[PDB]
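# Close look at the chain arrangement
Here is what each chain is made of, one letter per residue.
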Amino acid sequence: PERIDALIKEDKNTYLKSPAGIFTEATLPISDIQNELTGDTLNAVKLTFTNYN
Amino acid sequence: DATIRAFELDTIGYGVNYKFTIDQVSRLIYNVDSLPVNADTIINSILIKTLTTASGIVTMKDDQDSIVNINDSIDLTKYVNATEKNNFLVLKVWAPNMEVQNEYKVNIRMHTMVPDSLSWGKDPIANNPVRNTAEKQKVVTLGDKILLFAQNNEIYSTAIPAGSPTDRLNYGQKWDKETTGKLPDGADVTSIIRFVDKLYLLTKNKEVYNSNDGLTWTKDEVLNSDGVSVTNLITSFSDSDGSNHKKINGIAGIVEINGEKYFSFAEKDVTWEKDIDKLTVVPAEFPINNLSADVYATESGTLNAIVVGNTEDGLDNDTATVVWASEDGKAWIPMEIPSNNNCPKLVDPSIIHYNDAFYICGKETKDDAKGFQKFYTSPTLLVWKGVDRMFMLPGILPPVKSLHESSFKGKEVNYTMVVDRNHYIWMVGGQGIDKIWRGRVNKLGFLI
Amino acid sequence: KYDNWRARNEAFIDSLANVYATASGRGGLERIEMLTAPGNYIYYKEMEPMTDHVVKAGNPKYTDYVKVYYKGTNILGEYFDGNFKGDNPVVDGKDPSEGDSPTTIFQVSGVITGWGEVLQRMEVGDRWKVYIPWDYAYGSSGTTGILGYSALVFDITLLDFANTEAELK
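One structure accompanies this document, and this report is about it. (Residues numbered from 1 in each chain as written, not as in the entry; some residues may be left out. Chains lettered and ligands numbered in written order. Part of a larger assembly, values for the part shown. Heavy atoms only, no water.)

## Examining the overall build of chain A
Cut-off, in case you're wondering: Strands here mean DSSP runs of E at least two residues long; helices mean DSSP runs of H or I at least four residues long; both are numbered from the N terminus. Atoms counted for the radius of gyration: C-alpha only. Globule rule: 2.2 Å times the number of residues to the power 0.38. Relative accessibility under 20% of the residue-type maximum defines a buried residue, over 50% an exposed one, and the middle range a partly exposed one, all with a 1.4 Å probe and only protein chains included.
Looking only at helices and strands, chain A has two helices and zero strands in total. Computed over its C-alpha atoms, the radius of gyration of chain A comes to 16 Å, more than 25% above the 10 Å expected for a compact globule of 53 residues. Principal axes of the C-alpha set define a box for chain A whose edges measure 50 × 20 × 20 Å. Put simply, chain A has 53 residues, and 2% of those count as buried.

## Observations regarding the sheet that holds strand β12 (residues 145-150) of chain B
Residues and elements named next belong to chain B. Put simply, the rule is: Each pair of strands is called paired provided DSSP finds at least two bridges between the two strands.
Spatial strand order, β11-β12-β13-β14: four strands in an open sheet with antiparallel pairing. Of all strands in the sheet, those bounded by a partner on one side alone are β11 (137-142) and β14 (176-177). Judged from the two bridges that link them, strand β13 (residues 154-159) and β14 form a sheet pairing that is antiparallel. What sits directly across from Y156, in β14, is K177.

## Structural notes on the side chain of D64 of chain C
Going by this rule: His is not counted, nor are the chain ends, whereas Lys and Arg count as positive and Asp and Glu as negative. For this document, the term salt bridge refers to a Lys or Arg side-chain nitrogen within 4 Å of an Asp or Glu carboxyl oxygen. In protein, a polar contact requires one atom able to donate a hydrogen and another able to accept it; more generally it is a pair of N or O atoms within 3.5 Å, and residues adjacent in sequence count only if both atoms are side-chain atoms. We call two residues in contact when some of their heavy atoms are within 4.5 Å.
Assignment of secondary structure puts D64 of chain C in the loop between β2 (41-46) and β3 (65-73). The side chain of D64 of chain C is buried and forms no salt bridge, while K61 of chain C, the nearest opposite charge, is found at 5.2 Å. In terms of polar contacts, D64 of chain C uses its side chain to reach the backbone amide nitrogen of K61 of chain C, at 3.2 Å. If sequence neighbours within four positions are ignored, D64 of chain C has contacts with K19 of chain B together with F106, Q107, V108, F161, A162 and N163 of chain C.

## With respect to unusual backbone geometry
Even without a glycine there, the phi angle at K85 of chain B is positive, about 50°. Secondary-structure assignment places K85 of chain B in the loop between β6 (65-67) and β7 (89-94). When its relative accessible area of 60% is taken as the criterion, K85 of chain B is described as exposed. In this structure, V55 of chain C is a non-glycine residue whose phi angle is positive, near 45°. Here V55 of chain C shows up in the loop between β2 and β3.

## Brief notes about the nonpolar core
Quick note on the threshold: We call a set of buried residues a nonpolar core when its members are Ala, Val, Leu, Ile, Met, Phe, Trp, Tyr or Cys and they connect through side-chain atoms within 4.5 Å of each other.
In this structure, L35, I43 and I108 of chain B together with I132, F154 and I156 of chain C are the most contacted members of the largest nonpolar core, which totals 50 residues. Where this core is concerned, the elements lending two or more residues are β2 (20-23), β7 and β8 (101-107) of chain B together with β2, β3, α2 (113-118), β6 (127-131) and β7 (153-162) of chain C. If you tally residues by element for this core, the top one is β7 of chain C, at four residues. Core analysis: the second largest hydrophobic core is formed by 21 residues, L118, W120, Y359 and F408 of chain B among them.

## Examining the sheet that holds strand β26 (residues 333-334) of chain B
Residue and element names in this part refer to chain B. In spatial order, the strands read β23-β24-β25-β26; together these four strands make up an open sheet with antiparallel pairing. Lying at the two open borders of the sheet, with one neighbouring strand each, are β23 (289-297) and β26. Direction of pairing for β23 relative to strand β24 (residues 303-310): antiparallel, over a ladder of seven bridges. Its bridge partner being in β24, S292 is matched across the sheet by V308.

## A closer look at the pattern of salt bridges
Residue and element names in this part refer to chain B. What the rule picks out here adds up to 19 salt bridges over all chains. Residue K92 is joined to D65 by a salt bridge in which the shortest nitrogen-to-oxygen separation is 3.0 Å. Placement of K92 in strand β7 and of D65 in strand β6 is noted, with a sequence separation of 27 residues between them. Residue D65 is classed as partly exposed on the basis of its relative accessible area, which comes to 38%.

## Some points on a nonpolar patch on the surface
The criterion, for reference: For patch detection, residues must exceed 30% relative accessible area and be free of salt bridges, and they are connected within 9 Å for like charges or within 5 Å for nonpolar side chains (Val, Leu, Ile, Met, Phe, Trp, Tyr). For every accessible area listed, the method is Shrake-Rupley and the probe measures 1.4 Å; residues are considered covered only by the protein chains on display.
On the surface, a nonpolar cluster with roughly 810 Å² of combined accessible area is contributed by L28, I30, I33, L37, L42, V45, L47 and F49 of chain A. Taking relative accessible area as the criterion, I30 of chain A reaches 53% and is therefore assigned exposed.

## Focus on the interface of chain C and chain A
The following threshold applies: By convention, the term buried area covers the 1.4 Å-probe accessible surface removed from two parts as they join, with the contributions of both added. Any residue that is not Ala, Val, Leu, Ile, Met, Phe, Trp, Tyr, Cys, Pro, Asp, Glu, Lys or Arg is counted as polar, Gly included; the first ten are nonpolar and the last four charged.
In this complex, chain C contributes seven residues to the contact, which on the side of chain A involves four residues. In total, about 400 Å² of surface goes out of reach between chain C and chain A, with carbon and sulfur atoms giving 41% of it. If you look at where chain C meets chain A, you find zero salt bridges. Inspection of the chain C/chain A interface yields three residue pairs in polar contact. Broken down by class, the residue content of the side of chain C that touches chain A amounts to one nonpolar, three polar and three charged.

## Thoughts on the arrangement of the chains
No other pair among the two pairs of chains in contact exceeds the contact count of chains B and C. Without any contact between them, chain A and chain B keep their closest C-alpha atoms 14 Å apart.

Written out as C-alpha cells, the structure reads:
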C-alpha cells in the first residue's frame, strides 16, 4: 500500500498498475469544443495515450 | 558481379548444426561456438553445403588451382584452430565475369577440453597441513585468503591472486601457519560463519565470538545479551550474497528462550529478536549438528537460503536428506517430497548452489555401499538425482589406456568444503584421506 | 508529382556523387566501397555520436544480428517506415504526444544490399544518414509503399550487434 500511495503522488507521469492498483483519469475539454466548433459536423475526435519503455 | 555468401555445414551430432560468422571486410570464416572434443573423429570425412554465391566456380591452392568438389565430402581435420601455427583452409572465389578476384580463409574452431566436465586433475594439489588429522576440520574464505581451522586452536592459510576468474590462475599449492593462532577458549570450530567482512564463532558455553581477519578473536557486545542463549548460527544474509530486493542484512540462528528453541534473526548491528510472541518454534525434524548452508539470488531478484545437516539421534519415519529453505531469517520451511524423487539419508551432508544447479554430497550408511559414493543434484530443489557421469567425486579418473589412492569414493571420514569467488570447489579430507582437492567445471573458466 | 521517377532519382545520386568530388569540405559527404560490386560507392553523412554505447568495438558481420533505431524516407523526405517519426529517436521524450521509440532487431544478411553493405562498417553507437541507389535498394517494382525505381535515404543508429538474437534481445 505505501508504494502504491507513493507512486500515485508522482506528477511527471501516470501509471496503469493493473491488479487493483492504479488507473489514470483524463479531463476532456468538452466546453471548449462546444464553444469553438458550434455549427460544424465533427468527423473525428482522436485521443492518444503514449508510454515509456 | 558479386561474391554473396551463405556458407554452411551439415549435422555433426544428430540434429545439431553449427553456425558460422562471415567477416567480409576481413575476408575470413569461423564458427563462434567451438566444436566438441568428440568432433575430431567426425569431421574426418564430412560434407559442406549451402555454399551459395553469384557464380559457383571456386578453387583451392594446390602447383595448381584445382576446382572445389562442392558435391563431395572432405577431410577438415587439417584446418582446426588455425589462428596459431596458422594453417587456414584458404579458398578462392571467382566473379561471374572472371574479372573480380577474392580469397577467403576458413577456420574450424574446436574445443581442447570438454566444457561441462568437473576437472580435478591427476593428483590432489596439496597435503592437509593439520597436525593430528583426526581432529575436526573447517574451511572458510575471507577477503583474498582461504582459512582452514582445527579444533586445537590451530589455523592454516593460503592466499588468492588478483582477480578475474577467467584468467590463467594457479594457487593453493602452499599453506602457511597463521603463527599468532589462539582462537578463543571453549570454541566449536564447526560453527564458524561468514558475514560481509567479519567472522563469527560459537563456544560450547554458548558465547559468541567474532573477528575481523581471523588472526585474533574477541567477544562482542551486541549478540551476547542476557536472558537469551544461542545454540546455533545458521547463515548470514547480505547485499554481497546476491541482489536482494527485500533488503535483508543480518545473521540467522537459534535461541533457547526460557528453555524452548526458537528461530531468531540478528539484524545489522542490533541484538537478536527475543519477543516470544513473534518468534517461531524450531521443528523436531530440523538439523542440530554439522550444519551447512548456502545463500543465492532467485531469478526474481530475491535472496534465498538453504541448509542441510545431521538430525537428532532418532526419530520416526525418517529416510531422506530433506533441505530447509528460507526467504528471510524469521522462519525456515522444509522442502519435503512426497514422491520417490527424494535423496537418500546422508551423514555430515554438504550443499552448494553451483553452475545454475544444486548439488549435495555426503557419506551413506546402508552397509552394502558405505561411504561417499556420488554427488546428488537437483535442477529445481524438489527432485534429486544421482550423477552417473561427469561431475564425479575427486580422484575418479577416466581411462588413460581408475581410482586414485587419495580419492573420496568409498571412504568414510571427516571432511569439509567451500566454494571460492573463482568457483573452485575446495574439499579437505581428514584421517583416511589426508589431502586437499581442488576442481572446477571447465565451462566456468571459458571466455565463450 | 511523381513524374519521371527513375531519372530524377538517379540524378539525385549523381548530384551527391559529383558533389563529393568537387565541393569544399566534400559538401559534408563521405563514402564507402561496396563489396558486392567493387568500384561502386555508397554515400553517407556523419552525425552526432551517441552517449550510451554498450562499448562493443568492432563492426558487425554479414551473418549476425543488429539492434537499431532507424527511419526510412524517399528523395522528397516523405515517410516510408522506421522506429521513429520526428527528426531524432525519442528516449525519455518530454513531449507527451510522442512515445519513446522501440528498438528493432535485424539480420545483416536479411536486409537490402545497401543496409547489408553499410552495417558492416559502423561501430556501435554511430549515427549515419545514408543515401542508397535503386540498384541496391528493393529496386525495380519495389515493395508496398515504394513507387519502384526509388532511391531511399535512411537515418541509422547502431545500438548493438551479436551472433544470436537471444543474447541481444
